[PDB]
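So the sequences go chain by chain: A and B.
Just so we're aligned, residue 489 is where the first sequence starts under the working numbering, counting upward by one.
Just so we're aligned, residue 489 is where the second sequence starts under the working numbering, counting upward by one.
Number of protein chains: 2
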Amino acid sequence: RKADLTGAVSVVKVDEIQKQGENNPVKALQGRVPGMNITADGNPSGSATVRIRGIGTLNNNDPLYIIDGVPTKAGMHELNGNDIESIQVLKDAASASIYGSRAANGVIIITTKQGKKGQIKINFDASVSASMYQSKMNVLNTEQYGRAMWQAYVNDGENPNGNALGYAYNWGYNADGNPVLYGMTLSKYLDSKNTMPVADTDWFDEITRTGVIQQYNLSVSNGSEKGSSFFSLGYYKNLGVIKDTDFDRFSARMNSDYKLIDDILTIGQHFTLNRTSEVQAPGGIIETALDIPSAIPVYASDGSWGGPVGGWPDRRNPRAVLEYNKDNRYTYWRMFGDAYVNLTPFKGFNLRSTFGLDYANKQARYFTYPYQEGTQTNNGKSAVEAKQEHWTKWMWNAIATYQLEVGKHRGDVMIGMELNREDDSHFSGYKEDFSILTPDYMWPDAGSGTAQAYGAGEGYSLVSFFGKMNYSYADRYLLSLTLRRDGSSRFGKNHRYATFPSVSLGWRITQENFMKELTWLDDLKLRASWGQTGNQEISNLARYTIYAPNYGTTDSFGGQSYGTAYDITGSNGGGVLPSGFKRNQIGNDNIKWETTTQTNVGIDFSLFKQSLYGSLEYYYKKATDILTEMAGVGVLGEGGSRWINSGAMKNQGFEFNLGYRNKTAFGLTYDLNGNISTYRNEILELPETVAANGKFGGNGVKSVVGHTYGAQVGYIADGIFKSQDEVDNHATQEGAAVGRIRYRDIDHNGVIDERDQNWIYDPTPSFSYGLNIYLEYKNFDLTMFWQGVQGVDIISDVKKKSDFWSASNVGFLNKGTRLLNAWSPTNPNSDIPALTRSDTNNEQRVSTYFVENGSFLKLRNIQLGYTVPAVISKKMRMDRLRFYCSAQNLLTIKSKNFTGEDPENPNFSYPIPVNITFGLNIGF
Amino acid sequence: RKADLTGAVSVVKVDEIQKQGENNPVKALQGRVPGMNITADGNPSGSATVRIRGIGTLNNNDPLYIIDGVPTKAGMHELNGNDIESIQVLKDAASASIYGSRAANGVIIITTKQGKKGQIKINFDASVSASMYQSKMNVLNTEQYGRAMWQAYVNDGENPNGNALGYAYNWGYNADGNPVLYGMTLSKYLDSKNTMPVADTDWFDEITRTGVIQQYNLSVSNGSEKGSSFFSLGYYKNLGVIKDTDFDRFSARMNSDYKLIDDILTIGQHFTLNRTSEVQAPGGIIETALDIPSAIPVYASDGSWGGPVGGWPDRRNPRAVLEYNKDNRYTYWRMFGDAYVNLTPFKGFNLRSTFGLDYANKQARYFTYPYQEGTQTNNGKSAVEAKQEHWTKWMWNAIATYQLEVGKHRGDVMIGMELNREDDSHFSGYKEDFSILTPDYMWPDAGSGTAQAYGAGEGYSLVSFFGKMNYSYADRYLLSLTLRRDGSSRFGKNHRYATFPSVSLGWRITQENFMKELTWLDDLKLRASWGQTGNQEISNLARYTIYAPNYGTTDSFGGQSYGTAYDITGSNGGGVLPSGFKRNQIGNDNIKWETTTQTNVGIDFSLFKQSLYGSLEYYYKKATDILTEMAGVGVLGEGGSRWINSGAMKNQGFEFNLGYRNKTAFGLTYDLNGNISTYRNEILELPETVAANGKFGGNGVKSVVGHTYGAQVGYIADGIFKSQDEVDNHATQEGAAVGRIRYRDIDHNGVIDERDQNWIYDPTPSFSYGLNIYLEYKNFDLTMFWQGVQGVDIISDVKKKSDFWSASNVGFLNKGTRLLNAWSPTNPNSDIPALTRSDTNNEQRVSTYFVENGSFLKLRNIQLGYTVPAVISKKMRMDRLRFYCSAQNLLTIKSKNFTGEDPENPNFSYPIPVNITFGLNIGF
Ligand SMILES: OC[C@H]1O[C@@](CO)(OC[C@H]2O[C@@](CO)(OC[C@H]3O[C@@](CO)(OC[C@H]4O[C@](O)(CO)[C@@H](O)[C@@H]4O)[C@@H](O)[C@@H]3O)[C@@H](O)[C@@H]2O)[C@@H](O)[C@@H]1O
Ligand SMILES: OC[C@H]1O[C@@](CO)(OC[C@H]2O[C@@](CO)(OC[C@H]3O[C@@](CO)(OC[C@H]4O[C@](O)(CO)[C@@H](O)[C@@H]4O)[C@@H](O)[C@@H]3O)[C@@H](O)[C@@H]2O)[C@@H](O)[C@@H]1O
Ligand SMILES: [Mg+2]
Ligand SMILES: [Mg+2]
């Protein structure tokens, strides 16, 4: 049962959602909804990025979740998703407009479990899972690193014995004169102090482990004619594959409703409390682990943490970083409550007053221990940072609804007034100069150094007046008209309020009398919708020219703190220096709402006695007057960024969902759910400065206007130079040599320069598809979900340090194993460029070499279960007893062009592990 | 129905509690419970101090509240007391031992409302009240202040015109030579800059207002055979009489219970969330208002805040202080949840697992604005202090109970394991050097001055194993035996655990067959109890020798910060100075539990068909091995304080409760509830240093051992010297003169010295009584509650600055009106000493002059209500509709000896106002 019946509505089967056993219900529906992209890195929390109907705006694209009628934008990883009864996604502007003013990026409706009338039930779910690392990046060992360094040295013509890294090479020349390596030897200690012995260390294995996930839920519901109630307690814990990273969550949900005065009066409430404690991996931990060479031992001779010495590259120990970061635990309390009252003066009139509250508390204590890893140290810096953050959102809604059933005409008229208020604040203290260096002793009162205080606050408000009218004729013709008047505190008084209309039409062809003989065609409906929605998801202080007294107490990297504090006297400090103000941004009083117009056409069909159902959708989204933050022209200096309505986004998309469920003669019930979606995005208008800096694409070389959002311009790599004759024949370029990347001459001017660039990267897949198979046979239920993406290109940063030697910010870094298969006179059948120590050809530039085919098809979740027969369960008095074993991310298929692994996450972010889970469900 | 039936249990009628309309339910029962003292200053919050059975320990005496089986010690002002169904107070150690290990100071049982089976109900309560200031302290106006100053000057023999305060006196001598004042004149401006004009300002009226209190509660309950539920929403707001002080609170409570598996399994939960925002009055605001003379204007000539100039005393403007303190608003979130599960393997066995959580969050932002009030200023100091505090308590309880009903013998055997864990933390940031000086701009990131960070954390744990056995023979002989094994983390391993037994006996005389003819005697029961309880309410870090790195970042008054930071180089600062550690206290590994033995004897009677009921109780409490924090001997220096078991407290008390309810021929129902209680406290053992410093009494002159706790030693004032002959006849003393206080010579040595002191102050009332009258007549209900205290002495600090001139730390301060009635040759019929400018006689010493009779009798709450007749309510479909008007603290009677006002609060704390309230109750 769709709650709109005339728009693009996707209903998610919650039974399959809980089968995957994911903490975040959103992450479970990664590819089960057409026109919906869910990206998850794989960290222990269920945090993920959601994109509905592609990218339709230049500001934040987070969709507006709605739970029990309360809107929000926070992630669902911090909420208990196991007590969800129904999930509805509103991807159409006309359908989602009536649910709030923040429906620009789509609306997701989440309904919590409630006690069913006339029965009382309980459900206890237990789940234990083991997570194993699968995308183990292959890196060179000590011998492989030495061989690669020797190959680079001999390719560059330098003496390999002058590496000054403890490597002694016994090598010679073959008959053809190509250098050949016979053997290598290493000094026992990398330094002259004999404190860092050489060893073969698997850093990826050292920093990874086998995580343990435990989930325990207990829900009880009780219904009655005078009311109903529901109480759920949930516990979740996930240990990440990366060491010293974990996330656990307690959840308590209480829902109830009461009917008084012979069903005239109703009072209901839905409340939930969550407590999530998490230790997160440090930024770029995978990058640090990959960069550090395997020759560095984990522990030194004296038992201290190992580190680079002498000429080894300046890379911190990933194991020591994880050990020091294990105490950076943050606690998050989530408060999601709602109380509603409903009154019915007569049969057709309803008045609902609803109050919703969302209170978020975050407390963190970050520690900075003194470390000395060889030549890497922080000069004995020890510090503590105690941070507190508060978020408070409250919403009040007044709804008046009238329904009439006169003749064959059904008419619903609803009006509503909504008020939203959000207030955010944060404050933190910083202390230094500790002695014991333990979490127990590291408190700000126990410090003896410089102390700093930080603190900020902000907020906004929303006012909405909405009206919805629905007309139904003969249960065959449906018309919907809605109007919205929305205002926000982020705009000036002149442009505070804006009006948004939406219209929807629907015709049930199967109800027409001219096809009564079509018994096979059970149902057929054609619907169209044209709607307008408003977007204002911008900075709260957007229309004000912001001047702030940035003294310079905030930590900055590279010294570009831009603080305002100068020793005008010239006493080299010693006190409070004079301060001032700096401009953060230039205000603009002409900013207004961003108008997104959505046109949707849908065909819903159901054939063979409601067995073969499906829907086909075509949508066109056009966003104009987009509030974009343009940067300064260059001479305007600091604070030149300002918000302006100079954007234009276009999205043309197709979606197709199909489902076929049927039994079998011998007792097998098979249900197949197929889904496919495609979309095309385009940028039509953009400010000149934004197109020049290329923040939305183009890399600052060409304007992204007229091209897909996120498209990147780069060079074209036409293979590599296999001979000097090839170098001479090709157009002249800087750094051209044998074994180097050959760049195509686009304009045929005879020289390779900055103008030989074209559009090479397009982050738009050809189509994303999903397939869910459910089989029931003799109390055995098997679930199998496949998700695939075809026609998508990906930029691989791992390739930059796996296909080249010394292609990073620093040299002598550890590289990938496939680097051993580089081009050489001995091995001419290779496409990887020859190893070198100097990047004369400048191979770090953006080109088609780093663009790979991201197409993949992976088994997201497979589950085999056994249900106890009813007679045994009744003998044990149990209503239901089930067991199941599942595998998540067990198998995947990638393209041959993709040289790396894990096409979903081809970057240095958190890896995606394989989960093996065993679970039980009891229905006492 | 008492939940112990064999111990000292007080049942509080909740219907009368809600009649008073107080935010704190505890404050409502100020004198309705025998042997229970409730002290409330009168601030907008319902904060109050509770003492059960007198003072029985030298450490914190706060009783252990229990709500829904969850123990706590936080005040009930932050919780919603309007949803309470029953209140039980356990003042006996034997009865309260089984409810927790913190029952040393008594246990209060609070039960929340639950849905009654088979019905569904709603109650809406509205209340609007006005609070008016009644205890307006009388202070001298400009003319009265000038007259008093002239009288003091002429009494001291100095020239009154040399006061240098702008007062010019035209005065002369009478026939007898006594000076007489004819007239006075004042300069228009108190300063030479003509910026502070003279005016007659009523500071008490200026800083006080008429407060408004609003209360709105809405509760709904629904019961069924399969479970029950209850949901309550409450809002309270109180504006204090002192300006810029207020307290509001939102409360949401959800209770539910479910019965599954044919009543074998039960799952229940009780949860409440509270949000209290409060701005409190600054410390000593009443004292500051009284001290400042009335001649100081509220506003200066230029419109700025007025302040003293020239020779006027250094007193800050109370109105300006209140105006600057209005932004010191703190927010407090309270989380009180509990979930329990019960299983019955068969008829007589029960297993209960209960988990309770108490989470408290406090966020405050204190502002320090730059002020310049005449000569009073802070050198333009502006600062912000952002403080965050977290408290987290969690308790787990496992209870196994068995009941047998064999023959005439009833046997209950219960065992239980309880675990408690409390963790507290706090951190704050401090910033300075602000420019705009508004709450919006005052944030730590916006500051430009020195920043400080403070932070601390602590906690403790409790483990308890308890067993209770109850035996009943013929429903006539009752025996109870309980044993407790309690351990805490605050002690060492050797003395971690302690054992506490308790025994109770009871005999129902009315059940004996030898008095079957006593029809009038409906019921008579004699009970006795002897129990032992453990007390460990001490500092968490009590057994450790504490060394802390107190750098000196904490604000201190007078410069005694005791920080550890010295400029050993001698560069006058300019950086981080070297620091160290200091000893806070000396540890003691021999500390153990404090053992309190309570012996109670009770007689419960009920006569005339359960119409005249009552109870008489006698209790003896003996606390030994009391954990007291003794100070250093004097040469031990800092950190000499340590915890030791060297205390002994004795309490002998009597209580009597009576109640008579009866109807009348013409239709009047009268219920009278009388209560009386008395107690005597004594200290038997105490450490020598504690007795020497006199922290528990004696004022450091004589040991408090063998005397009542809090007793004070002082001189004896035998009137005043009315002539020189009286001075000559009396024993010689320093400062003796005509009109000065005469001090009795106790030892008859002929000279008044420090040894002429005796016990003068005893803070033990002779008896405290209460009387509640409830009258019902023709739908009119009248409630009248009187509370009286007799035989209590009070030390009046107001007298020190109302009966003397220049008796404070500084001179020329405003004094009371009664100071005008001082002794003089013109007015010899007076007991107030003659005015003087020099305290040669040293009248500031503790003496019987400042000891007054604190006996009082006040109408705590009177309420007249009208209930709509049932037929009209049914016509309007309402189940109940009632209105009421009430007065709180309307009338009081004091003793003639008490020269001041408000005997309950005779100090400079928050005043107690008169409340006039109108309320309505609706039962839809
Ligand atoms: O600084 C960028 C870098 O650091 C992070 C934190 O690791 O961001 C710092 C700030 O992000 C905040 C502000 O909301 O929250 C993000 C983290 O807190 C969590 C807790 O659940 O999310 C809070 C809440 O806000 C979102 O993150 C945004 O809508 C939602 O996803 C979520 O519901 C957690 O998910 C985030 O890690 C604030 O807490 C930090 O000060 C990272 O975000 C980023 O990588
Ligand atoms: O410094 C003494 C003087 O100042 C007060 C605050 O005005 O105490 C200062 C510190 O007391 C703290 C520590 O708990 O709380 C007291 C105030 O906060 C409130 C908020 O509801 O109470 C908090 C919580 O702790 C109790 O006070 C003790 O168990 C409980 O009553 C209550 O549940 C509020 O009631 C108090 O005013 C801390 O907040 C301050 O830093 C006063 O206590 C005292 O007069
Ligand atoms: Mg070219
Ligand atoms: Mg003497």
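Backbone N, C-alpha and C define an ideal beta-carbon position, used for all residues, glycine too.
### Query
In this structure, does DSSP put residue 1101 of chain A in helix, strand or coil?
strand
### Task
Kindly indicate which three-state DSSP category residue 656 of chain B falls into: helix, strand or coil?
strand
### Query
residue 667 of chain A by DSSP, collapsed to three states: which one?
strand
### Backbone CA spacing between residue 901 of chain B and residue 990 of chain B [nearest angstrom]
15 Å
### Query
Any contact of the stretch 686 to 706 of chain B with the stretch 771 to 787 of chain B, i.e. 3+ C-beta pairs under 8 Å?
yes
#### Entry: Within-7 Å CB hit, residue 833 of chain B to chain A
no
#### Entry: From B:500, B:1130, B:1004, residue whose alpha carbon lies closest to that of residue 597 of chain B
B:500
### Query
Given a limit of 8 Å on CB to CB distance, which residues of the stretch 875 to 887 of chain A reach chain B?
876, 878
### Message
Please tell me whether, using a cut-off of 6 Å, the distance from the CB of residue 820 of chain B to the nearest non-hydrogen atom of ligand 2 is below it.
### Response
yes
### Message
Nearer than 6 Å: is that true of the beta carbon of residue 873 of chain B relative to any heavy atom of ligand 2?
### Response
no
### Message
Using only CA atoms, which one of A:1286, A:702, A:561 lies nearest to residue 1458 of chain A?
### Response
Residue 1458 of chain A is absent from the structure shown; chain A starts at 489 and stops at 1412.
### Query
Can you tell which of B:702, B:714, B:761, B:914 has the C-alpha that lies nearest to the C-alpha of residue 721 of chain B?
B:761
### Message
Give me the pocket residues for ligand 3, defined as CB within less than 5 Å of any heavy atom, sorted by chain position.
### Response
A:1233, A:1235, A:1237, A:1244
### Query
What do you get for residue 1000 of chain B, buried or exposed, if any count of 16 or more other CB atoms within 10 angstroms of its CB means buried?
exposed
### Query
Okay, do the stretch 1078 to 1089 of chain B and the stretch 576 to 587 of chain B touch, 3+ Cβ pairs below 8 Å being the bar?
yes
### Query
From which residue to which residue does the alpha helix (DSSP H) around residue 505 of chain A run?
502 to 507
### Buried versus exposed, by CB contacts within 10 Å (16 or more), residue 853 of chain B
buried
### Query
Which residues in chain A sit within 9 Å of residue 748 of chain B, going by Cβ to Cβ distance?
608, 609, 610, 708, 710, 1412
### Query
Looking at residue 566 of chain B and ligand 2, is the gap between the Cβ and the nearest heavy atom below 6 Å?
yes
### Query
According to the neighbour-count rule (16 or more other Cβ atoms, all chains shown, within 10 Å of its Cβ), is residue 548 of chain A buried or exposed?
exposed
### Task
Mind checking the stretch 1352 to 1380 of chain B against chain A and listing, in chain order, the residues whose C-beta falls within less than 9 Å of any C-beta there?
1365
### Message
Considering just the uninterrupted stretch of the beta strand (DSSP E) at residue 873 of chain A, what are its terminal residues?
### Response
871 to 894
### Task
Confirm, please, whether the CB-CB distance from residue 763 of chain B to residue 821 of chain B is below 7 Å.
yes
#### Entry: residue 563 of chain B Cβ short of 6 Å to ligand 2 heavy atom set
yes
### Query
What does residue 742 of chain A touch in chain B if you count any residue whose Cβ is under 8 Å from its own?
742, 744, 757, 759
### Task
Out of B:1125, B:1252, B:848, state which residue places its alpha-carbon closest to the alpha-carbon of residue 1167 of chain B.
B:1252
### Task
Would you mind reading off the limits of the alpha helix (DSSP H) that contains residue 774 of chain B?
773 to 779
### Task
Pick helix, strand or coil for residue 1179 of chain A, following the three-state DSSP scheme.
helix
### Message
What does the alpha-carbon distance come out to for the pair residue 1353 of chain B and residue 997 of chain B?
### Response
41 Å
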